[PDB]
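Given next are the chains, with one letter for each unit.
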Amino acid sequence: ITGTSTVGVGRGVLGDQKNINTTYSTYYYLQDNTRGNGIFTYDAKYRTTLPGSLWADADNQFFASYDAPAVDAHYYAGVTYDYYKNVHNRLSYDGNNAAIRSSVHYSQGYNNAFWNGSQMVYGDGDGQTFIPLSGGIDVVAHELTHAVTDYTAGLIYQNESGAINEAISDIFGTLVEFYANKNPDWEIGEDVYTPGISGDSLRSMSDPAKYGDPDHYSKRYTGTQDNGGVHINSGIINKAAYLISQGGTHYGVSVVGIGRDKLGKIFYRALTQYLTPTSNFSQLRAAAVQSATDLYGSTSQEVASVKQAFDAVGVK
Ligand SMILES: N[C@@H](CC(=O)O)C(=O)O
Ligand SMILES: N[C@@H](CC(=O)O)C(=O)O
Ligand SMILES: [Ca+2]
Ligand SMILES: [Ca+2]
Ligand SMILES: [Ca+2]
Ligand SMILES: [Ca+2]
Ligand code: NA
Ligand code: NA
Ligand code: NA
Ligand code: NA
Ligand SMILES: [Zn+2]
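Residues numbered from 1 in each chain as written, not as in the entry; some residues may be left out. Chains lettered and ligands numbered in written order. Heavy atoms only, no water.

Undergrad: So what exactly am I meant to see when it comes to the site of ligand 1 here?
TA: Around ligand 1 sit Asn112, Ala113, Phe114, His142, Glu143, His146, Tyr157, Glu166 and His231, and that is every residue in its neighbourhood. Interatomic distance of 3.4 Å between a side-chain N/O atom of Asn112 and an oxygen atom of ligand 1. Here an oxygen atom of ligand 1 and a side-chain polar atom of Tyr157 are 2.9 Å apart. When contributions to the shell around ligand 1 are tallied by element, the ones reaching two or more residues are β10 (113-115) and α2 (137-151). Sorting elements by how many residues they give to the shell around ligand 1 places α2 first, with three residues. Looking at the shell around ligand 1 residue by residue, the classes come out as three nonpolar, four polar and two charged. In terms of domain composition, the shell around ligand 1 takes at least three residues from each of domain 1 (6-154) and domain 2 (155-316). (Near = heavy atom within 4 Å. Polar contact = N/O pair within 3.5 Å; in protein donor to acceptor, adjacent residues only side chain to side chain. Helix = DSSP H or I, 4+ residues; strand = E, 2+ residues; numbered from the N terminus. Nonpolar A, V, L, I, M, F, W, Y, C, P; charged D, E, K, R; others polar. Domains from an automatic or database assignment.)

Structure, rendered in structure tokens:
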């Protein structure tokens, strides 16, 4: 909408106060004009019609319980935009400052969030398995990274290419979580998963087997569930990325860690310059090796660590 840029204040899903960029025109809208061609947050009003209504508020204060998922979807989209711009010199998900659109209060009791090809969509959860999913910065960044992938490598969402697509979203979701530097970790969705249980999440990158996911190619799932295991076999790549960053010895193979910033540079370059819609895990290894070679040289520690990490998870 056309209107002047304003600064509202509210509370997110976890009760934390934060400022949000809004737009004033009769109402205050969740429209952030400070980033690209805008960040826009919508109310789906417990229905499944999308996007729903651009979020309108009478007084620019967002402290109602019903407001909290919208506050966080809007704010964490901004953090994710900042990460890609400041760390990777990428302007929004398409590299040309596309407007970022999110809808909250999707459906009733909806225990998921997703990117639908055009926008981010967040359920409220059922209160037991999930609370509103935009409360997790890693979840928000995971979803927006699917948009980046769809404008770059275009990894098909099935079998090994789909597992790479998922791992890329977990990797950059986690790197955004570290960038914001509140309570960062290598697990996925802990802030919004199972409010009655401490310490758990949907997936672990440091130990995928904690939640039943493979941590070695010999344990890959080859059935048809979950688009051929895209959220299952992502563990093999998540573990490799964890090892590249943090190091460790896994199934007897030692990896020298090179840290999060270099992990991000290597995988961002692989995503944008080497991967294609049909890339498999072995092609991902090759893309990461060549990306690290471009950045650091063929004889570098960084290239050696990429090779060790893919060796450790059985990807040749
Ligand atoms: N981010 C979504 C991807 C999808 O729409 O399948 C999810 O991982 O649940
Ligand atoms: N954290 C993401 C990943 C997934 O869907 O599996 C989400 O809840 O969508
Ligand atoms: Ca209000
Ligand atoms: Ca965390
Ligand atoms: Ca996390
Ligand atoms: Ca929990
Ligand atoms: Na999705
Ligand atoms: Na995608
Ligand atoms: Na699991
Ligand atoms: Na390929
Ligand atoms: Zn995903």
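There's more to say after this.
Undergrad: Sorry if this is basic, but what is going on with the UniProt feature "binding site: Ca(2+) 3" in the protein here?
TA: Per the UniProt record, "binding site: Ca(2+) 3" is annotated on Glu177, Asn183, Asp185 and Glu190. With respect to the element layout, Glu177 can be found in helix α3 (residues 159-180). In this structure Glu177 comes out as buried when scored by relative accessible area, which is 3%. Among residues more than four places away in sequence, those in contact with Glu177 are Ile137, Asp138, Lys182, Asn183, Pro184, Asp185 and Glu190. Structurally, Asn183 can be placed in the loop between α3 and β12 (187-188). A relative accessible area of 53% places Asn183 in the exposed class. (UniProt positions renumbered as here; feature names shortened; annotations may be inferred. Buried < 20%, exposed > 50% of the residue type's maximum accessible area, 1.4 Å probe, protein only. Contact = heavy atoms within 4.5 Å.)

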